[PDB]
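Heads up: the structure comes next, in structure tokens.
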Amino acid sequence: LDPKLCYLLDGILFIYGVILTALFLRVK
Amino acid sequence: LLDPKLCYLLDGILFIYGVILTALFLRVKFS
Amino acid sequence: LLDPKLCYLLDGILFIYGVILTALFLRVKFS
Amino acid sequence: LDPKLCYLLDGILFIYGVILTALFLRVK
Amino acid sequence: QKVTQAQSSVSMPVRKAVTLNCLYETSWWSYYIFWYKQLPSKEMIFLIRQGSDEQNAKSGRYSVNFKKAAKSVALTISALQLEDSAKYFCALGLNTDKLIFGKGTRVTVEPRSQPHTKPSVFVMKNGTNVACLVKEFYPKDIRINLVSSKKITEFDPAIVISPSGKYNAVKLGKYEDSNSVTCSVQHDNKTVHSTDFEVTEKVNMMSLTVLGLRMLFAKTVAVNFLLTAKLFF
Amino acid sequence: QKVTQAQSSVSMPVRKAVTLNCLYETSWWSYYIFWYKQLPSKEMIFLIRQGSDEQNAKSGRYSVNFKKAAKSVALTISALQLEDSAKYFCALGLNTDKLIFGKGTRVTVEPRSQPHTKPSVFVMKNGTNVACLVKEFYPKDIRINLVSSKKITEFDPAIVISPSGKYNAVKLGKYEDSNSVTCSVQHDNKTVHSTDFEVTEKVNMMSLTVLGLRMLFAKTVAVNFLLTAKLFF
Amino acid sequence: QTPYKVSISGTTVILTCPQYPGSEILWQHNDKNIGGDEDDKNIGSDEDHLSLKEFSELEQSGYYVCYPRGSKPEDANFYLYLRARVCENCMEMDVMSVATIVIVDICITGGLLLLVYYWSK
Amino acid sequence: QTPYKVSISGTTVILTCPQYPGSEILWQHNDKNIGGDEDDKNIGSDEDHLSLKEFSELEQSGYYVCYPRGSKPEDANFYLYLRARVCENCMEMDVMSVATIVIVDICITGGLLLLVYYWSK
Amino acid sequence: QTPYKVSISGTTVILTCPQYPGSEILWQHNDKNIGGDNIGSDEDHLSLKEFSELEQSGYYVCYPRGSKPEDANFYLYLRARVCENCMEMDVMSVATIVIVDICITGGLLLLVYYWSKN
Amino acid sequence: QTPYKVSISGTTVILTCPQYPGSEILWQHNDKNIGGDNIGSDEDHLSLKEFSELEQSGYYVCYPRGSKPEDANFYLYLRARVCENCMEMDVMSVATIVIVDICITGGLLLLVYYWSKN
Amino acid sequence: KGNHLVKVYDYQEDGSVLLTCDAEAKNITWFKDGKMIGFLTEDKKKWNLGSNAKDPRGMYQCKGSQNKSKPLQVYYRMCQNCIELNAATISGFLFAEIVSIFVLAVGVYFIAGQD
Amino acid sequence: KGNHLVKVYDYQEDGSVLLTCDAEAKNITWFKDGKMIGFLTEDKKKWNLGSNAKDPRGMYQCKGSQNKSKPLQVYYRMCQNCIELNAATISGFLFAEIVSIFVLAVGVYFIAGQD
Amino acid sequence: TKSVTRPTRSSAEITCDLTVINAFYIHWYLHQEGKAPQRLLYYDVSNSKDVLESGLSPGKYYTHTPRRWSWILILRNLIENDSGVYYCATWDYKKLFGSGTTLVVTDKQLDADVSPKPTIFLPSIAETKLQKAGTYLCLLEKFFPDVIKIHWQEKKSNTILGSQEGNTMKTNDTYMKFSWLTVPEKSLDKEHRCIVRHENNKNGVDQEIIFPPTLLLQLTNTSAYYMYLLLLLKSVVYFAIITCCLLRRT
Amino acid sequence: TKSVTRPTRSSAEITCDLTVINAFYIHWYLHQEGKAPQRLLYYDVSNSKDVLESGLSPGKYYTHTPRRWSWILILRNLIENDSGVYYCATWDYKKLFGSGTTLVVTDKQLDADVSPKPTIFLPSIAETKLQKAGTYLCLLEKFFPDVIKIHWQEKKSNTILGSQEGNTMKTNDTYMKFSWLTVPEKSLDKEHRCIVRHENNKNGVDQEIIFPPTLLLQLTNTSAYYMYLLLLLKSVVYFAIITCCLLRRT
Amino acid sequence: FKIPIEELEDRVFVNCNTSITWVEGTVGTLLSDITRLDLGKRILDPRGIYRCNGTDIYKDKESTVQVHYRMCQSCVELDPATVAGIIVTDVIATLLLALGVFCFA
Amino acid sequence: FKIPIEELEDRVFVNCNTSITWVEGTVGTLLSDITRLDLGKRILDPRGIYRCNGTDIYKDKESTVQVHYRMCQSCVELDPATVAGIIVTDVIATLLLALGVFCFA
């Protein structure tokens, strides 16, 4: 349970980073 | 073994980057 | 006890009202 | 079974009365 | 040295008396005469002993009549019973001596006088063996014939004295069908077959309160409908 | 009709030969001489039979020397073994006839020549009974004395031939203390007492490799994002 | 013969003895006096009444003979047999006594509305 | 007193005996000689070294006394007790020795990009 | 002093006597001894399964071993009537669903009022 | 000659000795006789269920009846560590999902490239 | 008895319980939880608690002319306010709380649409 | 023994196995599957196979001064490359292979839309 | 009493049960059919010698003492005219006798098993109402020595029941007997036995034949009392909504 | 072979085990200490009569045939000079003998129980290392007729073990024997027996003396090692796509 | 001389020694044996006057007994807190319903 | 005179006959009984110099023992094929990431 949480913490962190890069870059 | 503490060293790096782009995106959206 | 016969005294009143409005609604729809 | 039927007879009677009032009143 | 008993069998009824004879013959000057009885299970029981020098010996229900001038001695069994059915021996007779026995007489004791009763027969089977059972009856004139078209064997009846003083009899017989066989009896001029034997004060308030809440809800629906209709006109 | 055997005992070692003598005496014209042996469990076994009209009878390891002019007959047991330790009888002798036996001679067979070995004694108790046990030793000159200040009984030793061809001996003895008793042996000029016998490195690499693949994937996402952004400007 | 009207209201049970309305009455219960004994002041007689309070189904349920003055107790030719599940604040009410309140509630709710409608001139 | 620095690299275990740096040393192991025996050529001494290869946790794990020439073996007042899970191509590395490679990887990946950016004039 | 705590979960009654923490205690019911092995006599718990009213309703006495039951603290009197998978609405679940029903009705009709005025 | 074939399905080990097709054979394990009725001694199969490592790991000898086990062909040495409903990725399932992953990624992104250029 | 005097009389036609202090004295003084919540005169012996349908709990005791008695914790779960939470009440609770909210919301839509 | 000489020594602190040819001779000559895959000098007696974590299979034998011994098929499933295919790995394999393909396809849509 | 069934030209052991301490002479009598009991011999016990009769040579009768105060008469070279009942006797006066032992001397004409074989019966169905009783019947057959004793016992007791036997009728070469018992009313459905003592039984032990004989309405009124009190706190919320929306027009 | 221990002025039964079909004469021999085996008598079996020796009157020896082809010699009025070993014999030539039966005639000088009473021993502790073996010892005592047979058997087998007895030494009025056995190394901790055959052994059955002797982390690191190697062969496919789409602009 | 009113599980009998002649009330049933009467169920409330005659000890005396029962299971426990909290809000609901009818006309 | 280092399931003890005086190293704990010392866990790597005094046989001799342990469970098995195949592609990924940064500016 505790080793498995870090492998779906990085998933929501990858998807949140990609979404907030793609939506930040729409400024031009 | 050293696995459980070692795995969160990347997910304290992606949190830094995620809060950096949320702090950069809130600036270029309201102002 | 008097519960089973007593409960249907309201559902013979709502049937009266329901058939009154169906008889009033069929009149004001066709004619 | 018999005491329970009168408590879902009044439900269809309430809903049928409300629907046939609301649809009758649309005449104006 | 001879002992003679010229009596084959005797038949005497219950509570009567019986004399048994014994002709001894000897050349001694002082001897004893012993009486023995033999049960059908082959047991010899000493009954009475008559010493030939003093008077007549009696012991309970036994008595001995002694004729010293002749050669006759005689046993009396008074007030007979049902277990006086034995064979009786006369014996003639210090630790080395022998007894000289006679050939023995047999006493068969018959029951008393009873009124006549009726048989009331029954029947019982084991697949091929049958057995007519006859219940109590006093005079011994019985005929226990069976009925079957298919006969193999038929042994004789066995009439025996009951503890009531009457008689019972069993007659076996092996047959094939062994199910439609019914025995009959010709006792005492009247035939006996075997076919006659063959044949709550708060539940009410809770329903009243629920009806009251129904009548309140059907008015709080009406007020809301009437005011929402007022909002549109 | 006499059979004489004036030989009390013989002692002969293994794989040697022995002659036993038997002086018979009779007046018949044709007779037979039988030889029997008796085990210590009291069993008679027929060995050999010498008919007094034809030549010397032999059967296996047995041979009979016959002197018809004299009265001497003689049994030979060649190539001796260990179960030739019995008592031997001479008998003299159609279904009704009897055998006339002699008083019997005893043959006790001794083992062969062996080099001398040493005793190696032990001891074993049952609360009050002791028993010195002596292991294999060839010459029979043994003295199995025990040591106790408190002696009650001491039976004799029992020397018996082992299946190895040497000897074993047990000497019982009952005492009170029965715990501080130690047996000794004086066999073959050298005393033997009994006191000398009395005394997680690949799980870590897998987590390191998975972290390395994470750090590669977070750069192969970055290269693809950076070039797809270049495609739009 | 005339009955003994047993009025049971709440817990109070009132028996009436009209067999001797021109004399002074007493009561009995299992050949033992009750009423006119001037103790346990819930019970108490009148010209014909007898009022029993804190009534129970277990005790005080049997033969209630009411006889006048100068009368041997076994002279009367009437007895009662009262067995009552006397209750606390509860009354007998069947189905027909509830529909007659429902219909009156409908005719007093729906008899006001066409009067408020007629008030509005 | 000065320790016996036990350097365990891979499989090779090197003990240093600096207690007599002005003499010629030997070793022992459970009161039995080792080193300077000129057989099983993996082991071998020096001025202070002792290099044991094909090491095992089971055997060669005990008392390693190092004494100079002309010395009775029970004269020294120091012993070792070495018990080692000597491994094949593996080294001790905790958590803190991996984050210091991750941070250096970030600062050598992200220290090139703002230099390639500055090259482009 | 400290009364017997009784707790009725579903159709199963379970009761505790918190007067002696650690000892060997026994239980009784109209002097019919309950304990020693159906029914369960734990270290301080009694687990009366299938609690039908007409056979288990009376005098329960909790006491350690070696002691007389009449020299104990006190008794209980239990007259429970239990049902299968049911609750008992005190004012903890009838003053909770009434609060959250209004704070879920007003927390939805206001959202519909926003969504409809736009 | 022909070795013992062992096959481990899930947590259940099953092994065969293909040296004698039809006979009455027995099985052993550290001279603890296995066969004759848990565990299963078939005509040439042994079905070791619940194969825990610390009690069943050693010397298995397959041989027909009437023969001495030490006069057989050879032995086995088994040190299996099994798990419940698991696989073991050799290069037959790691060179198959890698092939079909690229031939399902390039077989979808090309379809999106068609659907997007239209 | 052993200083256990209070009993409870039950099994009658009506729903009431009665604490019977089996102790010979005059003027028995009832209690509840250490305090003197009641009192009694003569001519009555069994104190009344009410209905078993109203669940009389507590810890009752009495006192005669001698020393005071030992308690008796009465517990009555004659519930009657029990509801049966099977799969036909919690599934008929998601039909009076979904139809009603949707009728109210299809009303409030029109109310705010009129404004 | 009965011409069964090879044994395997195990149960130690480290992960390695050792084939012990219990046969008195000098210069024991090891094999594997009929061929002479190894050899040995003196001063060492137990041939080494490697780690149990690397799964040593085969059919090993030896040979003394007398005739050659009988084999011993070693089988080691100390797997460590096992993955657990329960309902939380095959259902977390349809979330790294659906999100990734949809991110790649929402990229390729824009790539081809730019052309 | 028992039987002995030796063949011709054999030996027979006849033991007597008469146990007497400090006897001096033990006489031996023989009884045959229609004759008298005659003494064969008598055995001195202080000198251990037999004194025979004036009729036969020695080598026929021998008195054996296996234990102290126990005697067995051994007969030798049995002929068919040796068959009868054998007693042993002692003086004290009177002369006690020793219960008899029948000896049967046959020519080995058995050639099969000669054990008594029961074929038991059950009471009729009509007897068991109009008599308050029932009767068993235990027929035995095919047994040779004819010294047989049938007696009935209870299920668990030591009482002898009132049985009523019959005559040992003879078949062509074997025999046959039957016994039967009537039992009263209230001891009827129990177990009964037909113990049969005989010489040619299996294992020596005599046979033993066993004989048969509302809380539903209370919950659905308050599970619907709480629904209508939760549809009545939504109509008041809606009434507050429409009143607040109507009062802003006044 | 067994023993018989009757007193003086008694009777003794001596049976012989020699089973022979269709014999004609059965001889009887007597062997005493330091004398020769002499014939006492012989029994004709086709006529059933004893033919005695020239020394005693009849009334001493009797040959009894209980069954066909079984013979018992009954002695009568035992005197102390009657004690010895008794054989039975038949012709065929040779003359077979019948294993002996010792008869002891005492004056009832026993006055107690004379059964053999074991007092068994256990191997020493020092024997069980430096010899790889152990030895038992089974001492019997207080038994009168002295015809005793000790033999050792296994825990469950029918083998006779290599025991080594001793001489039947005599106490003041009783006797004493001991037997002992050595067993090898790998058959040591099992059960062994010291079966003792004797006449005055209780219930007739001979004695039988019994002798004592993490996998959770390992799977969740490689189930996520193969996911990141399958998200790294999609980023290379996408890198090839964008590189092929960027190189067409150069 | 009273008239014994004996009890089965639900049958409230009337017993005599001479012929029961009904006067006035719930007749119940008859019964086949004389000097008896069945009144039927306990929860039926049987009530009536039943004169009987004398017995073998107290003859020449006509006796009379009324039977009266109030074993109610048709009764309802009216509370002063859930009746006066249903009426006093139903008058409020009626006066609210008579507000909109004004409000239109 | 050495100092015996005895073993429980995980306790690497230090035993003497006279008072242990710690010199230098991992002190572990103390122990209540004299002439003892506890060093604690096997996987802790206890290491230190602990001089002790003589015994009842080898008295007037101060003895000394160092304890040293390398029972590693913090160690990692570095391979020359999955380290040199992660670094040599991470340099490739870094040089690819430093291509687009050129490609913009």
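By order of appearance in the structure tokens: chains A, B, ..., then residues from 1 within every chain, and ligands from 1 in the order shown.
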
Moved chain N, fitted on chain M by every C-alpha in sequence order, as a short mmCIF file (atom, residue, chain, number, x, y, z; two decimals) with C-alpha atoms, in the first residue's frame:
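Below is the file that was written, selection-v6.cif:
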data_model
loop_
_atom_site.label_atom_id
_atom_site.label_comp_id
_atom_site.auth_asym_id
_atom_site.auth_seq_id
_atom_site.Cartn_x
_atom_site.Cartn_y
_atom_site.Cartn_z
CA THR N 1 -25.88 -81.16 31.20
CA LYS N 2 -25.06 -82.65 27.79
CA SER N 3 -25.13 -85.93 25.88
CA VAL N 4 -22.53 -88.42 24.61
CA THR N 5 -23.34 -90.65 21.63
CA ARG N 6 -20.54 -93.23 21.35
CA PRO N 7 -21.09 -96.55 19.52
CA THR N 8 -20.82 -100.08 20.87
CA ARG N 9 -17.35 -101.47 21.65
CA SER N 10 -15.89 -98.01 22.11
CA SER N 11 -14.68 -95.66 24.83
CA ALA N 12 -16.54 -92.77 26.41
CA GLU N 13 -15.36 -89.78 28.42
CA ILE N 14 -17.77 -88.46 31.05
CA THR N 15 -16.68 -85.34 32.90
CA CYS N 16 -18.47 -83.74 35.81
CA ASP N 17 -18.76 -80.03 36.54
CA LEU N 18 -18.74 -80.27 40.34
CA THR N 19 -15.78 -78.09 41.33
CA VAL N 20 -14.69 -78.73 44.93
CA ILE N 21 -11.41 -77.75 46.58
CA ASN N 22 -9.66 -80.39 48.75
CA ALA N 23 -11.89 -83.36 48.08
CA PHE N 24 -11.06 -86.82 49.33
CA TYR N 25 -13.30 -89.26 47.45
CA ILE N 26 -15.29 -88.80 44.26
CA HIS N 27 -18.28 -91.10 43.92
CA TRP N 28 -19.89 -92.05 40.62
CA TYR N 29 -23.58 -92.84 40.28
CA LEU N 30 -25.66 -94.28 37.46
CA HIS N 31 -29.39 -93.78 36.93
CA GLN N 32 -31.35 -95.80 34.38
CA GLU N 33 -35.04 -95.68 33.48
CA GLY N 34 -37.36 -96.99 36.16
CA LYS N 35 -34.49 -97.99 38.45
CA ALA N 36 -32.62 -96.38 41.30
CA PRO N 37 -29.37 -94.39 41.32
CA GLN N 38 -26.65 -96.87 42.28
CA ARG N 39 -23.00 -96.16 42.98
CA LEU N 40 -20.59 -97.72 40.50
CA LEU N 41 -17.29 -96.84 42.17
CA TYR N 42 -15.45 -94.17 44.08
CA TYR N 43 -12.01 -92.72 43.46
CA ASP N 44 -9.53 -92.06 46.23
CA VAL N 45 -7.61 -88.86 45.46
CA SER N 46 -4.92 -88.99 48.13
CA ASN N 47 -3.84 -92.39 46.81
CA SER N 48 -5.25 -92.35 43.22
CA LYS N 49 -7.00 -95.72 43.09
CA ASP N 50 -10.52 -96.84 42.18
CA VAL N 51 -12.64 -98.94 44.53
CA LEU N 52 -15.25 -100.82 42.52
CA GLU N 53 -18.59 -102.50 43.24
CA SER N 54 -19.33 -106.18 43.86
CA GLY N 55 -20.39 -106.77 40.27
CA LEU N 56 -17.69 -106.40 37.62
CA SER N 57 -13.98 -107.01 37.10
CA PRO N 58 -11.48 -104.16 36.59
CA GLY N 59 -10.83 -102.88 33.12
CA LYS N 60 -14.16 -101.10 32.69
CA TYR N 61 -14.10 -97.86 34.71
CA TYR N 62 -11.17 -95.48 35.06
CA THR N 63 -11.05 -92.07 36.76
CA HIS N 64 -8.70 -89.65 34.99
CA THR N 65 -7.44 -86.38 36.47
CA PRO N 66 -6.27 -84.18 33.56
CA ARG N 67 -5.65 -81.15 35.76
CA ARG N 68 -5.68 -80.64 39.50
CA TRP N 69 -9.27 -80.81 40.83
CA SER N 70 -10.85 -82.02 37.60
CA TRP N 71 -12.06 -85.58 37.03
CA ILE N 72 -13.19 -87.62 34.03
CA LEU N 73 -14.69 -91.10 34.19
CA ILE N 74 -13.50 -93.14 31.22
CA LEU N 75 -15.61 -96.13 30.26
CA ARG N 76 -14.16 -98.93 28.18
CA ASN N 77 -15.69 -101.53 25.84
CA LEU N 78 -19.14 -99.99 25.70
CA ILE N 79 -22.18 -102.25 25.56
CA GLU N 80 -25.74 -101.11 24.86
CA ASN N 81 -26.75 -101.72 28.51
CA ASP N 82 -24.31 -99.02 29.72
CA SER N 83 -26.55 -96.09 28.80
CA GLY N 84 -27.96 -93.74 31.41
CA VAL N 85 -27.21 -90.60 33.41
CA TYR N 86 -23.89 -90.37 35.26
CA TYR N 87 -23.38 -88.11 38.28
CA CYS N 88 -20.37 -87.38 40.43
CA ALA N 89 -20.78 -86.75 44.14
CA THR N 90 -18.96 -85.63 47.27
CA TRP N 91 -19.87 -85.55 50.93
CA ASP N 92 -20.55 -81.97 52.10
CA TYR N 93 -24.01 -83.12 56.21
CA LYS N 94 -25.39 -83.76 52.73
CA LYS N 95 -24.09 -85.18 49.48
CA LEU N 96 -23.76 -82.77 46.57
CA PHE N 97 -24.44 -84.05 43.08
CA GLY N 98 -23.07 -83.07 39.71
CA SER N 99 -25.76 -82.14 37.17
CA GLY N 100 -25.78 -85.35 35.13
CA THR N 101 -24.40 -86.46 31.78
CA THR N 102 -26.54 -88.64 29.55
CA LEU N 103 -24.69 -91.34 27.63
CA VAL N 104 -26.37 -92.89 24.59
CA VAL N 105 -24.90 -96.09 23.13
CA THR N 106 -26.05 -96.77 19.58
CA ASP N 107 -25.13 -99.23 16.83
CA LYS N 108 -24.08 -96.41 14.41
CA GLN N 109 -27.59 -96.08 13.01
CA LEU N 110 -27.33 -92.36 12.17
CA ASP N 111 -25.83 -92.46 8.64
CA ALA N 112 -26.48 -88.75 7.95
CA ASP N 113 -26.27 -85.34 9.62
CA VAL N 114 -28.26 -85.18 12.85
CA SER N 115 -28.05 -81.48 13.64
CA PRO N 116 -31.23 -79.61 14.65
CA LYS N 117 -32.70 -77.86 11.60
CA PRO N 118 -35.01 -74.89 12.28
CA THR N 119 -38.04 -74.01 10.17
CA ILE N 120 -39.12 -70.84 12.01
CA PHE N 121 -42.58 -69.24 11.89
CA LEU N 122 -43.96 -65.70 11.93
CA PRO N 123 -46.98 -64.23 13.74
CA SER N 124 -50.28 -64.08 11.93
CA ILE N 125 -51.62 -60.81 10.55
CA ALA N 126 -54.92 -60.97 12.47
CA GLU N 127 -53.22 -61.64 15.82
CA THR N 128 -51.39 -58.33 15.52
CA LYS N 129 -54.38 -56.09 15.88
CA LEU N 130 -56.95 -57.64 18.20
CA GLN N 131 -54.39 -58.83 20.77
CA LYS N 132 -51.67 -56.07 20.79
CA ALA N 133 -49.12 -58.89 20.60
CA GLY N 134 -47.49 -61.44 18.35
CA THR N 135 -46.12 -64.93 18.70
CA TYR N 136 -43.10 -66.67 17.17
CA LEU N 137 -42.56 -70.41 16.66
CA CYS N 138 -39.23 -72.21 16.25
CA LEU N 139 -39.64 -75.83 15.14
CA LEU N 140 -36.54 -78.04 15.25
CA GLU N 141 -36.21 -81.49 13.75
CA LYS N 142 -33.89 -84.39 12.86
CA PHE N 143 -31.53 -84.55 15.84
CA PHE N 144 -30.48 -87.72 17.62
CA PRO N 145 -29.20 -87.42 21.26
CA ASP N 146 -32.42 -85.65 22.52
CA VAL N 147 -30.68 -83.61 25.22
CA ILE N 148 -31.63 -80.25 23.75
CA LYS N 149 -32.27 -76.86 25.36
CA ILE N 150 -34.16 -74.08 23.57
CA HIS N 151 -34.25 -70.65 25.19
CA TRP N 152 -35.06 -67.22 23.81
CA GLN N 153 -33.07 -64.03 24.31
CA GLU N 154 -33.47 -60.41 23.25
CA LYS N 155 -31.79 -58.51 20.42
CA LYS N 156 -29.03 -57.29 22.79
CA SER N 157 -29.53 -58.22 26.47
CA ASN N 158 -28.89 -61.07 28.88
CA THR N 159 -32.52 -61.81 29.80
CA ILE N 160 -34.29 -65.14 29.37
CA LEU N 161 -37.70 -64.77 27.77
CA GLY N 162 -40.88 -66.56 28.77
CA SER N 163 -40.88 -69.37 26.24
CA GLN N 164 -43.25 -72.33 26.37
CA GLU N 165 -41.78 -75.55 24.97
CA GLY N 166 -43.37 -78.82 23.94
CA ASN N 167 -42.68 -82.54 24.21
CA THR N 168 -39.74 -84.07 22.34
CA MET N 169 -41.85 -86.09 19.95
CA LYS N 170 -40.19 -88.99 18.14
CA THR N 171 -40.21 -89.56 14.40
CA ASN N 172 -39.39 -92.94 12.84
CA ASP N 173 -35.72 -92.71 13.82
CA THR N 174 -35.10 -89.02 14.67
CA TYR N 175 -36.72 -86.52 17.02
CA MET N 176 -38.50 -83.15 16.87
CA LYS N 177 -39.17 -80.27 19.27
CA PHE N 178 -40.78 -76.84 19.06
CA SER N 179 -40.69 -73.78 21.30
CA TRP N 180 -42.72 -70.60 21.04
CA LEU N 181 -42.81 -67.16 22.63
CA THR N 182 -45.38 -64.37 23.03
CA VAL N 183 -44.07 -60.78 23.19
CA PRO N 184 -46.07 -57.66 24.21
CA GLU N 185 -46.98 -54.56 22.22
CA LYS N 186 -44.21 -51.99 22.48
CA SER N 187 -41.43 -54.57 22.31
CA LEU N 188 -42.58 -56.12 19.04
CA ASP N 189 -40.57 -54.92 16.02
CA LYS N 190 -37.16 -55.77 17.47
CA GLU N 191 -34.88 -58.77 16.96
CA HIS N 192 -35.22 -62.00 18.92
CA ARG N 193 -33.20 -65.18 19.21
CA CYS N 194 -33.97 -68.92 19.43
CA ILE N 195 -30.68 -70.19 20.90
CA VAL N 196 -30.51 -73.99 20.64
CA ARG N 197 -28.02 -76.03 22.67
CA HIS N 198 -27.21 -79.51 21.40
CA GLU N 199 -24.32 -81.95 21.16
CA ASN N 200 -24.31 -82.55 17.39
CA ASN N 201 -24.34 -78.81 16.68
CA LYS N 202 -21.68 -77.89 14.09
CA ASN N 203 -18.30 -76.55 15.34
CA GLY N 204 -19.39 -77.27 18.92
CA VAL N 205 -20.88 -73.79 19.23
CA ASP N 206 -24.63 -73.79 19.77
CA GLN N 207 -26.99 -72.31 17.19
CA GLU N 208 -28.49 -68.82 17.30
CA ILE N 209 -31.53 -68.23 15.09
CA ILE N 210 -32.38 -64.59 14.49
CA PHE N 211 -36.07 -63.59 14.38
CA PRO N 212 -37.41 -60.63 12.35
CA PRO N 213 -39.88 -57.93 13.51
CA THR N 214 -42.30 -14.62 1.43
CA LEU N 215 -39.45 -14.10 3.93
CA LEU N 216 -37.79 -11.71 1.47
CA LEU N 217 -40.82 -9.45 0.96
CA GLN N 218 -41.60 -9.51 4.69
CA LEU N 219 -38.21 -7.93 5.43
CA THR N 220 -38.23 -5.38 2.59
CA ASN N 221 -41.67 -4.15 3.58
CA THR N 222 -40.74 -3.42 7.20
CA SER N 223 -37.26 -2.12 6.42
CA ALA N 224 -39.09 0.50 4.36
CA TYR N 225 -41.93 0.89 6.86
CA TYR N 226 -39.43 2.32 9.36
CA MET N 227 -37.73 4.66 6.90
CA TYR N 228 -40.97 6.44 6.01
CA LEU N 229 -41.78 6.75 9.72
CA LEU N 230 -38.41 8.49 10.12
CA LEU N 231 -38.95 10.83 7.18
CA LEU N 232 -42.31 11.71 8.76
CA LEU N 233 -40.79 12.86 12.06
CA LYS N 234 -38.50 15.25 10.19
CA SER N 235 -41.31 16.88 8.21
CA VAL N 236 -43.12 17.56 11.49
CA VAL N 237 -39.94 19.11 12.94
CA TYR N 238 -39.64 21.30 9.85
CA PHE N 239 -43.36 22.12 10.05
CA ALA N 240 -42.84 23.26 13.64
CA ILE N 241 -39.89 25.39 12.50
CA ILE N 242 -41.81 27.15 9.71
CA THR N 243 -44.93 27.56 11.87
CA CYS N 244 -42.85 29.15 14.65
CA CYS N 245 -41.22 31.35 11.98
CA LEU N 246 -44.56 32.34 10.39
CA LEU N 247 -46.47 33.00 13.62
CA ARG N 248 -43.97 35.70 14.57
CA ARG N 249 -45.28 37.82 11.68
CA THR N 250 -48.94 37.71 12.80
#

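Since chain E and chain F share the same sequence, their Cα atoms can be paired directly; the RMSD after superposition is 6.6 Å.
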
field: Non-local contacts of region 91-102 of chain P (7 Å; only C-alpha atoms; under 3 positions in same chain excluded) as a PyMOL selection string
entry: (chain F and resi 219-220+223+226-227) or (chain H and resi 109+113+116-117+120) or (chain P and resi 87-88+105)

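Within 6 Å of chain O, counting only C-alpha atoms, chain E contributes residues 201, 204, 205 and 223 of chain E.
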
- request: Mind listing the strand (DSSP E or B) residues of region 16-107 of chain M, per DSSP on the backbone, as a ChimeraX atom specification?
  value: /M:25-31,38-44,49-51,61-64,72-76,84-91,95-96,102-103,106

task: From a DSSP calculation on the backbone, collect every residue of region 67-232 of chain M in helix (DSSP H, G or I) and output the set as an MDAnalysis selection string.
output: chainID M and resid 80:82 127:130 217:222 225:228

- request: Give me the residues within 6 Å of region 73-90 of chain G as number ranges by chain, counting only C-alpha atoms and dropping any in the same chain fewer than 2 places off.
  value: G: 10-11, 57, 61-65; O: 63-71, 76-78

message: Can you tell me which residues surround region 112-115 of chain K at a distance of at most 12 Å, considering only C-alpha atoms, apart from same-chain residues fewer than 2 positions away, and format the answer as a ChimeraX atom specification?
response: /E:228-233 /I:109-118 /K:105-110 /M:241-242,244-246,248-249
